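Protein sequences appear in the order of chains C, U, X, A, H, L, B and W.
Be aware that the first sequence starts at 1427, since it is given in this note's numbering, and climbs by one per residue.
Be aware that the second sequence starts at 114, since it is given in this note's numbering, and climbs by one per residue.
Be aware that the third sequence starts at 35, since it is given in this note's numbering, and climbs by one per residue.
Be aware that the fourth sequence starts at 35, since it is given in this note's numbering, and climbs by one per residue.
Be aware that the fifth sequence starts at 296, since it is given in this note's numbering, and climbs by one per residue.
Be aware that the sixth sequence starts at 296, since it is given in this note's numbering, and climbs by one per residue.
Be aware that the seventh sequence starts at 4, since it is given in this note's numbering, and climbs by one per residue.
Be aware that the eighth sequence starts at 4, since it is given in this note's numbering, and climbs by one per residue.
Working notes, structure below.
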Amino acid sequence: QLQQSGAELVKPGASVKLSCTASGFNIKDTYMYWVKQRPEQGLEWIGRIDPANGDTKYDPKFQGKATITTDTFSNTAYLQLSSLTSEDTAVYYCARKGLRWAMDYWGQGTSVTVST
Amino acid sequence: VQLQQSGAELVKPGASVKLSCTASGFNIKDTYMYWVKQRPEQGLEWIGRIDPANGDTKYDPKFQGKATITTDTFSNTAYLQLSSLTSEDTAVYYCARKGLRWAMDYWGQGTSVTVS
Amino acid sequence: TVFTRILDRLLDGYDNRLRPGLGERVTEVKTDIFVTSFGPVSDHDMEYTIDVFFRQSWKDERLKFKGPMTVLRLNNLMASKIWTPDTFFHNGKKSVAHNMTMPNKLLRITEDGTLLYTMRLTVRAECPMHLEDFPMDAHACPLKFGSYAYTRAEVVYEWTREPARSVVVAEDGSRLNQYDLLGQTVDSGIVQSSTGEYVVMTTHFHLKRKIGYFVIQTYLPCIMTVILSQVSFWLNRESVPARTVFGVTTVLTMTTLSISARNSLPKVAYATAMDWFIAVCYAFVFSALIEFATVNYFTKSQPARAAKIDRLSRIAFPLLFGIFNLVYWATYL
Amino acid sequence: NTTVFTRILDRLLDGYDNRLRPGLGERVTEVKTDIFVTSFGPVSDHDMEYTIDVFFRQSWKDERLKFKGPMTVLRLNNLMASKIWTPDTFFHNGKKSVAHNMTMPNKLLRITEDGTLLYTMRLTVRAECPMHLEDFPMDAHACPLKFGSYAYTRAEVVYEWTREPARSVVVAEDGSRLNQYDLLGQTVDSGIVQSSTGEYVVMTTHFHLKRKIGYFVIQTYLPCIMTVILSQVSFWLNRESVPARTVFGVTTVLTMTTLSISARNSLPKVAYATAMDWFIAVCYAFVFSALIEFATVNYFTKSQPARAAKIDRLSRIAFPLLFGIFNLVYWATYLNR
Amino acid sequence: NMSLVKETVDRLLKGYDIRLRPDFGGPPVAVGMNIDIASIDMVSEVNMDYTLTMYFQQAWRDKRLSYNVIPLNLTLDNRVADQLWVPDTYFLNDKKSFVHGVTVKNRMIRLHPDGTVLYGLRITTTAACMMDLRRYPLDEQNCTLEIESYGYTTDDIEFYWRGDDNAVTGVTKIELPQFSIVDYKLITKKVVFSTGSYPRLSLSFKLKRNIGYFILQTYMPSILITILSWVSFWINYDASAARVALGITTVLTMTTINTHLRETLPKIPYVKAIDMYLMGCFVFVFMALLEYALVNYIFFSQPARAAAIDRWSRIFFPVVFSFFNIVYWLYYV
Amino acid sequence: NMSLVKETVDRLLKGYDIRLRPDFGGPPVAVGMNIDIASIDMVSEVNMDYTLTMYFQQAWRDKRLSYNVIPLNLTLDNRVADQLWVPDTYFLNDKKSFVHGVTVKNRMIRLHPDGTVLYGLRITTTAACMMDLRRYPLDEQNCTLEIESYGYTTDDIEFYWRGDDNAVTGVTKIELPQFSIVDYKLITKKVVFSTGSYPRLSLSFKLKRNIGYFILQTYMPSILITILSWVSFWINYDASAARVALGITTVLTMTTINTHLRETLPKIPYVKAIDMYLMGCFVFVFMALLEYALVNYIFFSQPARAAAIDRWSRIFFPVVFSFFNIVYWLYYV
Amino acid sequence: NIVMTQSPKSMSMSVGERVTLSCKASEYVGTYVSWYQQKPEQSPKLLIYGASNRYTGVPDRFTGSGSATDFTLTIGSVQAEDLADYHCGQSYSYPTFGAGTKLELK
Amino acid sequence: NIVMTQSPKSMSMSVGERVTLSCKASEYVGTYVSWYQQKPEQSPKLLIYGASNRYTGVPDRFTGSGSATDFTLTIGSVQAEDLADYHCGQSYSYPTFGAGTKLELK
Ligand SMILES: *[C@@H]1O[C@H](CO)[C@@H](O[C@@H]2O[C@H](CO)[C@@H](O[C@@H]3O[C@H](CO)[C@@H](O)[C@H](O)[C@@H]3O)[C@H](O)[C@H]2NC(C)=O)[C@H](O)[C@H]1NC(C)=O
Ligand SMILES: *[C@@H]1O[C@H](CO)[C@@H](O[C@@H]2O[C@H](CO)[C@@H](O[C@@H]3O[C@H](CO)[C@@H](O)[C@H](O)[C@@H]3O)[C@H](O)[C@H]2NC(C)=O)[C@H](O)[C@H]1NC(C)=O
Ligand SMILES: CCOC(=O)c1ncn2c1CN(C)C(=O)c1cc(F)ccc1-2
Ligand SMILES: *[C@@H]1O[C@H](CO)[C@@H](O)[C@H](O)[C@H]1NC(C)=O
Ligand SMILES: *[C@@H]1O[C@H](CO)[C@@H](O)[C@H](O)[C@H]1NC(C)=O
């Protein structure tokens, strides 16, 4: 139902781009969220995008470090990080809104590792 | 547009005279007909009003019962009938049509009635 | 059977959007009014209701026919299909065209082609008023009606009969609570606005106010309380507290009467003619009170000047009161 | 030219049956709602109703109206709104509402290339809110507005909000025209109502209101306080000057009666006991007890005047203490809430 | 059966020309009217109008709608009311009337085998009737309801009640709160207007006011104050201030009661009876005050004159008051 | 000729799609609005709304309505307005408005040989403008009217007045009963909503108050009541009951004046200016009463102190009161 | 009945001079007066109908002024042919005509 | 920003025992809290959407109770594999999540 890229290892200070491909529906109807999860910690919200108008909302603490852009023809969302340090090494998920504003469907997830 | 009247009349006292005016260029049934007598070298004086629609006739109270106006819509003519003439009744007679705020715009050439 | 054919043949090839003689001569519409009952005039909003029959007649060349009837009385339903002149009232706040059980619109077709079209209306017109003469005022309320979306070149209004006899008011129906209908006047004019020149028919209804109520309403209590203030002088000067109570009572009664009079008076920026009489009637009591106070002051030092002031006030007050009453009642009527 | 668009539109409306909803045998139709409040009208306590002026917006996906053309967004005239399907949305507690028809029906229809219809109206909604006037005039109550679908169960039509719910009901800044109350905030909620026919989805929106006190400060409280102080002042004058004190005691009670008449005029009839009524009852009781004390002193002066003077001095030193204590208790009690 | 009725209705409505009334070229078509009054809501003096709710029923014979296949009485859905012909009937003096529509527009169309058609509405009318309030409150009103035809002259239509005794019903059950019904009458007339002669019916019923209520509310306070003003005479002429207290308080109370009663009663700006009565009592107390003032003035010279005037006043005032009241109540009632 | 115009109009309206506005694909259309105010009926503070009647005219170029055979300026009947396209235009802050339907729906449709359609209405709008009464009665209101296209964004429609100096006429002849016009302005804006950017026109006229009538009715009674305190000061110190009664009467009269004025004034929560004035006068008379209470209480110790305090107050109050009035009138003007 | 008065009775004016004729009505007449020009031994023609309206085919030198009960006909440039009798007749009620004015060249 | 407090931190209960987890919201959130289940090394799944509503394909043992600011997830007979992390997240505003609760067999 949802597809993501494999694990990605990057050197500190270099931007990286992650992809989330939907299958079985058109994202022009619903939003697309992005969530990050550090090892053995609570979930955290990165931001959401509305493919209809292209408007995006970000968590202020993550503002300016991530950009979310969508392509309707390929039916895909793209999360491009900024210069990331060794701190933000965690898993990422893309989610779709549900019936009562619950993120029901989630991708398998991708692990972004930072090493020198 | 045009009004025609009969020729001059000469009548002895104690008799009745009849005057008729014919209208060409319009049906009489639309507008009213006015009869006005005028003595030599004096001001105009109204005689009567006739309406072809209902046949209602109104007269100057001093002439009520002394003159009678009738309309024949088939021949498209108006008819004035006088009775009990005196030497003072001699005057010119005019037949007119009202229009554009009751102006009495078109008058006949004029008929002359002399009592002797 | 035959009438169905006669009636369908007319409307066949007939387009309601175009008034008769679009490129031909101007159309002349005749108008007549029958004021069934003259509604109650109001002073707070300066509006008067009126109930009218409204008759219009124009010559439409296309509807001429030939048949055994020579006059067709048709249902109201066919009124919508033929052309109908739009005649609106230039100063109507909110009218309503009655449709009790079927739309109250009568249409008659003559054989020559002279249509007749009458409606029943209730119009709440507005007339500005001038109350400088209240309650002796006499004013005229106008009712002006004219065409809409037709310049003088296209539609012209006339009166069906002699203008003095056009607007006819029913004798029994005319009901006015306060005023009293006097007479009717008609006029024709041309009004120029942004779109063009329109012809306007005007009808003034004259009104005069009834006065029998305000005599016993306010003027008589004022005069009686002024005469009571006058009698206040006759009281023995010794009973000072009784005289003080007698003076205060007139002022309290004047206050109550003035408030009651203000409650009914219509709110206007002008100073009404009644308020001047009220001010004089209210000032005479204060003058008498000031005289009594000056007497109570003077009585200790000199009794002679006290008695002289009493005598002079007695001989002086009613004279000026009557002179002012004469002037007031002579000026207005 | 326009002929291309006319042919597109006529091919579109062809075969479109408005009695059916979009996607009958397939998934449920989902409607997205939004409310923009242009102005919050006057809230009437006597009828217990509040007027509101809204820009009701709805959006729903429909499969049959998709087309292929150059325009890609169609802003259509208002009169086309009646031909396509339109979900019925009746406010559950609206006493009487009116859709404006100023110069053309206030409706806008916007059809996207995908088939996402947008349809908005302008409304003046007059809705009832029950109130608890016990804490009057220190009350703070919330007026609700609940709208849901009609003739359609939850199985067939489900309502959702277009944006994050907190930012769905949007109120204009200068739009609030409230003479007396004051607007605090807005809240939204989704719910399901079960009835004899079936289950129906219902959107609820609460508008929180609070009442200004400044009017009633100078309206009734200050007159009663001034009257209490005045009626108590009379105790200092000499007991020999009887008529002055009698006129004093009479005028105080008469003013109190007029004040009570006005206070009863203030609020619509209720079974409850309002706090203002409590305060006025205590104020009236105090002035009446003072008058009774003066009367008993004037009756007692003949038998034993020394005890009368002691009673006068004790009343002087006793009354303002109890009055101020009660005022402090009352004001603290109703302000802490 | 169903199909027979279906095809019968279909063949009736086919080839039906609505705008042509029945028997277009022949005699007039009779129309029978029948009214069932449910209630009379309110009867106001301020606006001079009364509100009624009624069931209006019209029956007319129509040769076109006629069937011999089914003996039943067909009753059609009200949607058919537009397709058939219906006589237009306007109430002459209604100001605002509307047909009740709750679940559907409340009107019934009932055909018949012989062609008689029955057409029924449910109407609420705010009719207007002139009220003569000279003798207010004790008066009799003659409020009416006037029915006419607006399109067709007396040559084409005829109006008549279907049994004069049983035309109007439900009047006995009507219960006005402040008035009470006395009698009603039914009239048939022809009225001449400038376009012809039009038939009409009139349903007119009297209204009598209840005297019992107004007495206790209005007349008792004035009479009580007038009588209590007389206690001034029994006081000895030495106590001037005491007597002046009453002579003042009576007048002040009369003025206040006058203002209150003006605020309460329905405002009508012309002379009425209760104003005459209140003015009479006011004049009486004023004259009492005047006579005592004159006594107090001429007291110092001669006391015997004062005692004589007091005795004369005691023996004269109640007699004059009783005579005035007797003349009043005999002239009005 | 007649047939030429008939066939021209018939071929114009045929094949005309009402759903889509002119120039659907490309550039936006141009719409010019030309208001003409007839009268501002009433301006109510209780509801904060101002009724107004206007002739509202919109002109725009429509290419599909282009004819070249007839040189005349066609003036079709009003019915045709239901077939042509018409820009939807709603007022933003109206509560209740309705097009007048006295005889027909008062809309004017005037075509042109090049397609410059002109479309006219006669609208009565009850709009609501927020009013600030802090400075009541001496206040300035800024009441407006706002016009917006409801269905088309700025990419589709354009708004501009047809010459600003001649955009709105008829304002000079308006004679409001209470207020007075000062100035009017016409503004063009673009308002951004959630869905898009929409054009807007604004017409706003100031309103000034007529302080003349409003001063005389209310500001004098307070001065007259306050003068009573000075008159009480001029009383001999021996008399106590009379001056105490005068003070109590002043207090009661101030309270009754406040109550009555509140019953007559427009009811609003926030405190007004005239309330501050009345409170000042109430405090003054209350301080006078308390001062005389103190005088009566400390009179038994020494009458020299009483006379001294009386003289102090007589030389003290008339200056402080005038200073307060000075500050008042210099602050509110 | 409504009666008209016309002034002056007979006046004589030279060529090129402004001439004024006045018509006073006893009752009220709301701008329904008309002015008729009568040449010797001919049929009266129409010059001004209502108030200040010129009939078709009439020179612009003639002007009319109206009020409730006062009406005036004003001639500017005057020619030889312009001399003739003039009548002011009202049609607000049953029509009646004034006495008439005779105008002669000097 | 809205903050969620989840209690208790961690708990260890045996098979067949009733278990209750509580979620507290600082600000107002009206019946929009959802409850997600996440097993180790797997993406989270949705258990309860809204309040007292079960997503399709979830056993009937899970129940939820809601309010304005208090929320409760209740398990009856608890199987062996039901131990996993549970998160209560609100979406009334920009969505946020609680700390999380880890459930382990004893
Ligand atoms: C209320 O006012 C109406 C209005 O006039 C009164 O109606 C009148 O009633 C009388 C008696 O019914 C009518 O007299 C009739 O005269 C004809 C003449 O031929 C006669 O044949 C009848 O037998 C009857 O006597 C009178 O015409 C009628 N008024 C009008 C204008 O037609 C009515 O009586 C008043 N009272 C009530 C209780 O309605
Ligand atoms: C009544 O209130 C309205 C609005 O509440 C006032 O309208 C405002 O008038 C000002 C001018 O004083 C406008 O400012 C203008 O800004 C444009 C921007 O390009 C520019 O042309 C000028 O700088 C001009 O100052 C303002 O846009 C307009 N509208 C608002 C503020 O919403 C009005 O002036 C008040 N008074 C009257 C008598 O109407
Ligand atoms: C008792 C018969 O009731 C009805 O026939 C009925 N008609 C409409 N509805 C009902 C049920 N009912 C009591 C409602 O309140 C309601 C609530 C909804 F959300 C939607 C529809 C309805
Ligand atoms: C139909 O109505 C008439 C009315 O008089 C009645 O006589 C007849 O019996 C009715 N028909 C039936 C079948 O009841
Ligand atoms: C039509 O209107 C235009 C606009 O002013 C004007 O120029 C033109 O003369 C008008 N046509 C006629 C025949 O008057």
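Where a beta carbon is used, it is the ideal one built from N, C-alpha and C, also for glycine.
Rounded separation between residue i and residue j - CA only
i, j, result
"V159/A", "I1475/C", "34 angstroms"
"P47/W", "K100/A", "36 angstroms"
"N110/X", "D389/H", "20 angstroms"
"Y514/L", "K567/L", "14 angstroms"
"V381/L", "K102/A", "28 angstroms"
CB contact flag (residue i, residue j, <9 angstroms)
i, j, result
"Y58/B", "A198/X", "no"
"residue 281/H", "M337/H", "As shown, chain H starts at 296 and ends at 628. That puts residue 281/H outside it, with no answer to give."
"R156/A", "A174/A", "no"
Range covered by the beta strand (DSSP E) that runs through residue i
i, result
"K27/W", "22-28"
"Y97/B", "Element bounds for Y97/B: n/a, residue is neither H nor E."
"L573/L", "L573/L -> not in any beta strand (DSSP E); alpha helix (DSSP H) instead, spanning 568-592."
"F122/X", "121-123"
"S1445/C", "1443-1448"
Cβ-based burial, residue i [other Cβ within 10 Å; buried from 16]
i, result
"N125/X", "buried"
"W624/H", "exposed"
"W38/B", "buried"
The alpha helix (DSSP H) enclosing residue i, as first and last residue numbers
i, result
"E302/L", "297-308"
"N359/X", "337-366"
is_contact[residue i, chain E] using C-beta, thresh 9 angstroms
i, result
"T75/W", "Chain labels in this structure do not include chain E; the protein chains are C, U, X, A, H, L, B and W."
task = Please determine if the segment 50-62 of chain X and the segment 61-74 of chain B are in contact, where contact requires at least 3 C-beta pairs separated by less than 8 angstroms.
result = no
request  = Check whether the segment 280-290 of chain A touches the segment 239-249 of chain A, taking contact to mean three or more Cβ pairs, one atom from each stretch, closer than 8 angstroms.
outcome  = no
query = Is the segment 528-548 of chain L in contact with the segment 573-583 of chain L, if contact means three or more CB pairs nearer than 8 angstroms?
reply = Yes, since at least three Cβ pairs between the segment 528-548 of chain L and the segment 573-583 of chain L fall closer than 8 angstroms, the two stretches touch.
ask   = Does the segment 219-226 of chain U come close enough to the segment 36-52 of chain X to have 3 or more Cβ pairs within less than 8 angstroms?
value = no
ask   = Is the segment 345-361 of chain H touching the segment 304-321 of chain H in the sense that three or more CB pairs, one from each, lie closer than 8 angstroms?
value = By the Cβ criterion, the segment 304-321 of chain H is in contact with the segment 345-361 of chain H, since at least three pairs of Cβ atoms, one from each stretch, lie closer than 8 angstroms.
task = Give a yes or no on contact between the segment 460-472 of chain L and the segment 513-533 of chain L, applying the rule of three or more CB pairs nearer than 8 angstroms.
result = no
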